[PDB]
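Participant: Opening piece of a complex, kept in its complex position:
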Amino acid sequence: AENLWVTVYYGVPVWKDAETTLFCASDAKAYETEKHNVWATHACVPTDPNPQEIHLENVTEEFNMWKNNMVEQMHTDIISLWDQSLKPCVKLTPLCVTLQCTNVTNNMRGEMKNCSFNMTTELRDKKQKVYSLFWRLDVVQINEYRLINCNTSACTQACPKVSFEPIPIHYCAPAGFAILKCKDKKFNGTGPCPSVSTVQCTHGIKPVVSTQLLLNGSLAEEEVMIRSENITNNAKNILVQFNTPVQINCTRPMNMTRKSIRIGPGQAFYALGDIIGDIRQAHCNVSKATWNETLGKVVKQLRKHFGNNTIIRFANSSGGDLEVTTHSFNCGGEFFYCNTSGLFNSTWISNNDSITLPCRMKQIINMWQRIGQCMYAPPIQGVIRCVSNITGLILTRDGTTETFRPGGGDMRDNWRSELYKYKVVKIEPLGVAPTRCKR
Amino acid sequence: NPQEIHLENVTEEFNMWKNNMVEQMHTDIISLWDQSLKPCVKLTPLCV
Amino acid sequence: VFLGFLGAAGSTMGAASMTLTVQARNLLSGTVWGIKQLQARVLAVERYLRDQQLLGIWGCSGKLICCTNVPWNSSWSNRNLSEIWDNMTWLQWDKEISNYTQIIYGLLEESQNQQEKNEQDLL
């Protein structure tokens, strides 16, 4: 009656923040992509055609994109996706031989090398006098050349069957856990979210390994978004998300050749033969009309944080390592490294053609800072062309006015631009509460 | 204990040419092979 | 009104208690990287048999709702019946009673252990 008794309730809406082992989901046409397991999807779970989504009315839960563990579990998963794909692939241990190299047939600036070397054939007897063709970033001289990795990391050659094409990846959580999706149009990834909804598996997140220029990411809503961990600190990167995508084209207009010198028994190295056609380099195009309006759309957002009548300038990379300074990205297999001195050369005050960007190329790579050893991606025949979406930028600030320069390096930032609206909780269905019942 | 129970009155349609115990037996014997050769002596220098 | 899984998280505890069967239906749900899901779908059922074993050793066994002969102490945030079940949510509530949850869990499994031995006498 007037004295109250405890009661057990099982299946209550009660959750606390926690971290659990997250898994994958990836449609079923992605499994038809096959091609000897492209990237990750093998025994991974297929996505059911039910996409369940439940808007939790009245609920307000404080997110935090800069402390989100789906990042550390996505980064380290992609790290180990790399290595599992290289363990049973051909290893280039006997490819650290002395390279006698020359220019490329031109008529100027040297960019490529026509290299000849000795080589183990299939038999452990007679050698082989065969020639390859390496970019300048692949090799280095010694006082005659050698590969640029031989004085560091033992090397392994990417298998030619697998594809480095970013496919959608849906992360999930098991039973007793759930994932919350914030669904408002203006959220800097930190603080309380008014319209919280719950989901079982996130939207398709293509793991695009890029620097400086965010590629093929989710578009922002209404106004372009400016996200930072500490805007007063000039030591934290400033994530940007676009509303309108910026169109970027990139060709590799060199009709190159694939030579297959057999370093048997079994294994076989894929080199670059003679070049069919003109000596050109790879270039990425950005339309001059799109990049001017999108640049001013960001700086009106930068005035919201750095003073109303302030002057915002942009310059290229301060320097240091190669990856930080260039727009590193994959498309068609090759790895481009592009100069963004032309996309960040602006000075904004308080109030019809293309922008072509020079791109290098490299076969031997050490990805995500230090992981996965080297990897000599095999050469690619024909003219490679691909279009990408610029859906965000990675900017840094220098230490009246303020300047901003592009950055990257740490690959945990690329995931945050897709995981800002997600977080992980555990369901605690056992809550006690009083009422006037007794047994 | 070899337990065996005759299900009287029951009639069930088999199909030997669509049986998955085959595909799970073949691919098991396939991987029985390789697991038995991974830590064995490799004749790479015997192509002289 | 099937609002869905956790559909009544901002609804009052009285309002949410109509959804108790909607949060517990989806509580169990039925080479590397393929083990990401194994070591995680194992952690999904130990979480279940940890909760069900509390429901078992209390006077509940059968699910969803269940009373106990433990008197509620006034120092566990002394609200009223109309201040809890008509003006509070389960998230907001387990925040005040997060200090006392472990204290309370003992009495339920001990007050029930007195009831069963007394049950064997009267048989």
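Facilitator: Yes, it's here. Numbering: from 1, shown residues only, chains lettered A, B, ... in the order given.
Participant: Show me how chain A divides into domains.
Facilitator: Residue ranges for the domains of chain A, per curated CATH domains: A:14-20+A:48-65+A:172-202+A:421-428, A:93-151+A:254-280, A:209-253+A:281-410.
Participant: Any idea which of these gets closest to chain B?
Facilitator: domain A:93-151+A:254-280 (4.9 Å; C-beta to the nearest C-beta). All C-beta atoms are positioned from the backbone trio N, CA, C, and that covers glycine.
Participant: would you say residue C:48 is within a strand?
Facilitator: No. Membership of residue C:48 in a strand is not supported by DSSP: H, G, I helix; E, B strand; the rest coil, which gives helix.
Participant: Go through the domains of chain A and name the closest to residue B:13.
Facilitator: domain A:14-20+A:48-65+A:172-202+A:421-428 (30.3 Å; C-beta to C-beta).
Participant: ok, which stretches of chain C are strands?
Facilitator: Taking DSSP state E, the strands of chain C run over residues C:65-71.
Participant: what does the stretch 1-150 of chain A have sitting close to chain C?
Facilitator: Proximity of the stretch 1-150 of chain A to chain C, by C-beta under 8 Å from any C-beta of the partner chain, involves residues A:3-15, A:20-24, A:40, A:42-45, A:52, A:54, A:56-59, A:77, A:80-81, A:84.
Participant: With distance to residue C:112 and mean neighbour count added, can I get the domains of chain A in JSON lines?
Facilitator: As requested, the domains of chain A are arranged in JSON lines below (distance: least, C-beta to C-beta, whole Å; neighbours: other C-beta atoms under 10 Å in any protein chain shown):
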{"stretch": "domain A:14-20+A:48-65+A:172-202+A:421-428", "distance to residue C:112": "21", "mean neighbour count": "17"}
{"stretch": "domain A:93-151+A:254-280", "distance to residue C:112": "68", "mean neighbour count": "15"}
{"stretch": "domain A:209-253+A:281-410", "distance to residue C:112": "50", "mean neighbour count": "17"}
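Participant: can you slot in chain D too:
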Amino acid sequence: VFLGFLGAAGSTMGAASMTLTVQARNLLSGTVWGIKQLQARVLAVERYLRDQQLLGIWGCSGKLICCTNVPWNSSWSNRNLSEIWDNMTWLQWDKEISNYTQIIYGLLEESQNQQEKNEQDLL
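Facilitator: That brings us to chain D, laid onto the chains above:
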């Protein structure tokens, strides 16, 4: 007459219901290739707690047999009592009611969710 596991698969549903405890006793049963059995004996218990959780959220909990306050709809193959329990087998039956099994499963867990909240009133 202990016919054994699935011993009454061709026996009538009335005849088979005497074996219900013989089919459910052997339902749970207590380096690579050694994982063939691990990932399979894990799939052997999720199959168990998926069924037991339906038995739990219905008016059953306790096993083998159990009634419900759901009226049986005539459009679910309108047979008679002597046409089902004396002239049909469980295999033959779940063939006609394979279309409606998912429809029916909802009512049991919802008709039971109305009974428990009403149970808390009358306490």
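Participant: Which strand or helix spans residue A:388?
Facilitator: Assigned by DSSP states H and E, residue A:388 belongs to strand A:384-397.
Participant: CA atoms only for whichever helix or strand comes after that strand - export them in PDB, please.
Facilitator: Going down the chain from strand A:384-397, the next helix or strand is strand A:401-406, by DSSP H and E. Extracted in PDB, the C-alpha atoms of strand A:401-406 (Å, rounded to 0.1, in the frame of the first residue of the first chain):
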ATOM      1  CA  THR A 401      44.900  37.600 -40.000                       C
ATOM      2  CA  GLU A 402      45.200  33.800 -40.100                       C
ATOM      3  CA  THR A 403      46.500  31.400 -42.700                       C
ATOM      4  CA  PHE A 404      45.600  27.700 -43.500                       C
ATOM      5  CA  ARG A 405      47.600  25.000 -45.200                       C
ATOM      6  CA  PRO A 406      46.700  21.400 -46.200                       C
END
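Participant: re the thing from before, Provide the strand pairings for the strand holding residue A:388, with the direction of each partner.
Facilitator: strand A:213-215 (antiparallel), strand A:238-241 (antiparallel), strand A:246-252 (antiparallel), strand A:401-406 (antiparallel) (DSSP bridges).
Participant: Show residues contacting the longest one.
Facilitator: Surrounding strand A:246-252, the residues in contact under the criterion C-beta atoms under 8 Å, 6 or more residues apart in numbering or on different chains are A:213, A:215, A:282-287, A:290-291, A:294, A:331-332, A:334, A:336, A:359, A:361, A:380, A:383-391.
Participant: what does the last one give?
Facilitator: Outside of strand A:401-406, the residues that reach it under the criterion C-beta under 8 Å, 6+ apart are A:211-213, A:238, A:302, A:306, A:310-318, A:340, A:343-344, A:393-398.
Participant: just the shortest one next, same as before
Facilitator: Strand A:213-215 is contacted by residues A:208, A:240-241, A:248, A:327, A:329, A:340, A:343, A:388-394, A:406, A:414, A:417 when judged by C-beta under 8 Å, 6+ apart.
Participant: next up, chain E:
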Amino acid sequence: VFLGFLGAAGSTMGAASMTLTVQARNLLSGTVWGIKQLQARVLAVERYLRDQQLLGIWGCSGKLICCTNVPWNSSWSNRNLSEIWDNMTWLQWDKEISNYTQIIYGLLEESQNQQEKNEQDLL
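Facilitator: Putting chain E onto the chains we already have gives this:
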């Protein structure tokens, strides 16, 4: 007097039966070498659902204590009530009844299988 896990192993069966909830609370408890614990914490729950399934198919379901309508045979070590519950321990007892445990386990699950079918008649 919470003696602890197995705290009453030398206490009489009557004395130990007050600890039944202290031995069953800690019965479930919530790259290589990291699999030493996985294949062992899996063997920790099959041990649980093997015991709970016997408790389920008997007249117990609900835990700790539970009667049955099986008459106790005199040839299973004919002691008296004051010779068992006041002068013997559970270890010492299951030593005399280790021969008959399998014989007895059958009657409980069959005497219960007669009770449920009779229960469906009288409904």
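Participant: let's see the contacts of strand A:246-252 again after adding chain E.
Facilitator: A:213, A:215, A:282-287, A:290-291, A:294, A:331-332, A:334, A:336, A:359, A:361, A:380, A:383-391.
Participant: Stretch A:228-242 now?
Facilitator: With contact meaning C-beta under 8 Å, 6+ apart, stretch A:228-242 is reached by A:66, A:188, A:214, A:217-220, A:224-227, A:294, A:298, A:305-306, A:390-399, A:404, A:407-408, A:413, A:416-417.
Participant: who's in contact with the closest residue to residue A:95 other than its chain neighbours?
Facilitator: Closest residue to residue A:95 apart from its sequence neighbours, by C-beta to C-beta, 6 or more residues apart in numbering or on different chains: residue A:269 at 6.4 Å. By C-beta under 8 Å, 6+ apart, the residues touching residue A:269 are A:90, A:92, A:95, A:157, A:260-263.
Participant: How about the contacts made by residue A:271?
Facilitator: Neighbours of residue A:271 in contact, by C-beta under 8 Å, 6+ apart: A:130-133, A:258-261, A:379.
Participant: What are the boundaries of the helices in chain C?
Facilitator: C:13-16, C:20-25, C:38-57, C:81-84, C:90-96, C:101-121 (DSSP state H).
Participant: Could I get the buried residue list for the third one?
Facilitator: The reference is to helix C:38-57. Neighbour-count burial for helix C:38-57 flags C:38, C:40-49, C:51-57 (criterion: 16 or more other C-beta atoms under 10 Å in any protein chain shown).
Participant: how about it, does it reach chain A?
Facilitator: Yes. Helix C:38-57 comes into contact with chain A (C-beta under 8 Å from any C-beta), by way of C:39-41, C:43-45, C:47-48, C:51, C:54-55.
Participant: Same question for the first one.
Facilitator: Yes. Figure legend: helix C:13-16 in contact with chain A (C-beta under 8 Å from any C-beta); contacting residues C:13, C:16.
Participant: got the buried residues for that helix?
Facilitator: C:13-14, C:16.
Participant: what do you get for the longest one?
Facilitator: Going by neighbour count (16+ other C-beta under 10 Å), the buried part of helix C:101-121 is C:104-105, C:107-109, C:111-113, C:116.
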